[PDB]
Each structure stands twice: as C-alpha cells, then as structure tokens.
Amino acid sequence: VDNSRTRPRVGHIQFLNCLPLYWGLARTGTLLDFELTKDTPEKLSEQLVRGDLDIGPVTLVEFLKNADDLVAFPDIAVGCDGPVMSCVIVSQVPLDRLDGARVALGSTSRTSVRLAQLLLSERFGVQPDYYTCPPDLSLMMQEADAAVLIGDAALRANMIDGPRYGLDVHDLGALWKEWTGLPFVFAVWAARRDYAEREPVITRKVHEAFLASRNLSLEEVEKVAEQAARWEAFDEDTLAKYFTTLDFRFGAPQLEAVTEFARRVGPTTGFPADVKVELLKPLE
C-alpha cells in the first residue's frame, strides 16, 4: 500500500483575474506541490465546502456561510480599492429606473450579485425583478434591462461590448467605494478546517507559496499581460491595466470591508452579521 504523503488538492479560478497568480505558481514551481483544479468560482466553492478540495479560492459570501469550517489565508485575496473592472452592472437604463424592471444575475456569481442587490436596494432604492441565468451578455440584454456579470464576461462587457453598443457599465467596486469609502474583497483563499488541523505544515507551505507566487506575478505583470494578450480579445495594455487595478491584498483595511459587508447582508444571505472570520495563524 502506498501510504506516502499526498499533494494538497488546490482550486484555482479559471478567469483572467487569477491568470497572473497561475503564472507565479508555475514559474516558482509551486504548481508541482499542488494537485490543481481549475473551474469557475461558484464550482470551486462547492468543491471545497463538500471536501473535493483541501485548499482553494472561496467567493466571499460562500466563505461567510461556511466560516466555522474554513480558515482564511491572510494577505492574499481577490479585491479592489475603487474599480474592480470585472464585476459590473450593465444597464440599458439609468439605475434609478430599475424599480420593477428585469435584472439578470450571472449564474457563476455569489458575491457580486449580492453586492449588486445590496447597492440597488439600500443605496439606489429600486426593487427589480431579479432572475438568474448563465452569463451571456447578448441573451441577457435581449431579455432584461440590466445584467450583473463577473470574470472575463464582465471585463469584456466593460472594455468591449459596453462601449461598442452604447451600454452603461457600472463598476461594482466603484459603486461600493462611492457608497462606503471602503475597498472590497470578492473572494478569499481558505483551507478546510479539518485539512488545516490535520496538516498544519502543508497548509502553511501552501499559504506561503501563494504569497510568493502573488508577489512574483506583481513584479512580472507586463510579461504576463504580453503573453495572455495573444489568446484574448483584450490587448496587452488592457490586461496590464486590469492586473494592476485588481487588489490582491488581505490585511486590516480589507478585513474591515469584509466585516461591514458581512454585517449588511448576513441576516438575508445565510450567516450571522457578526460572523467570525478565522485566519490562518503564523508560527509564533
């Protein structure tokens, strides 16, 4: 029987927002310490919660609903301070005309759709008729007055489709910034609590390798954008702007934003407004 130690099963968001991180993981050789699974953020959250992964990215709302069973990694997250570029409301009408209107919510999103609902309800005071559908701007704009998108589809709407067809595109990071002055965290990295307690060292090594890979990806953002531009509808300048607009930090100012958002949506989402975010402790 092969009872040797097993590589941690690690999720990775397939979208462009984590493409520089993937570059870092590859260049550092970290990938060879992982059994990597790539997918969309809602699938990766399901897999980690149900035990198909040991460590991975968790969209914030799903992390908070499972906070007792997950341990978040400090100093890395998928966030913004102001615009995030890839979490948007695309609308054919001004936001204040959306009361009773149809608003399509992309099915891959858990956090941005809730942030959009919070903003529309509690900031602009409109109550639209929401519905979930697969992310497809063309179909959404044929059947609804507005749509909430994330990931590459949202970046495409923001940078290409929106300007082409004269559609308003509202940046959810900027809308939240205007409303609260705060940055925003859309997704965190976490280990399952049982995996973190069974393998504290591997969990720590995975965490440190993520930080190192993230740091390298920041230094080489131009090389990453140059390479990725050959395979995307976005050009090199757009991708480098995107990669540098994203904020991958996760310290005290970012936790402050998570705390406030969790408070405003917890009771109507599925977790306490004062839900406890447990962070992976460093070696003392």
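Numbers for residues come from their place in the sequence shown, where the first is 1.
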query: Stretch with the higher entry mean CA B-factor, where the candidates are 242-250 and 59-67; finding: 59-67
query: Mean temperature factor over C-alpha atoms, higher-scoring stretch between 126-134 and 170-178; finding: 126-134
query: Per the PDB entry, maximal CA B factor within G100, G79, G82, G151; finding: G100
query: Ranked C-alpha temperature factor of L36 among modelled chain residues, by third; finding: highest
query: Third of the chain's Cα B-factor distribution that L53 belongs to, per the entry; finding: middle
query: Ranked C-alpha temperature factor of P183 among modelled chain residues, by third; finding: lowest
query: For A233, the third of its chain into which the C-alpha B factor falls; finding: highest
query: Chain-relative CA temperature factor third for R263; finding: highest
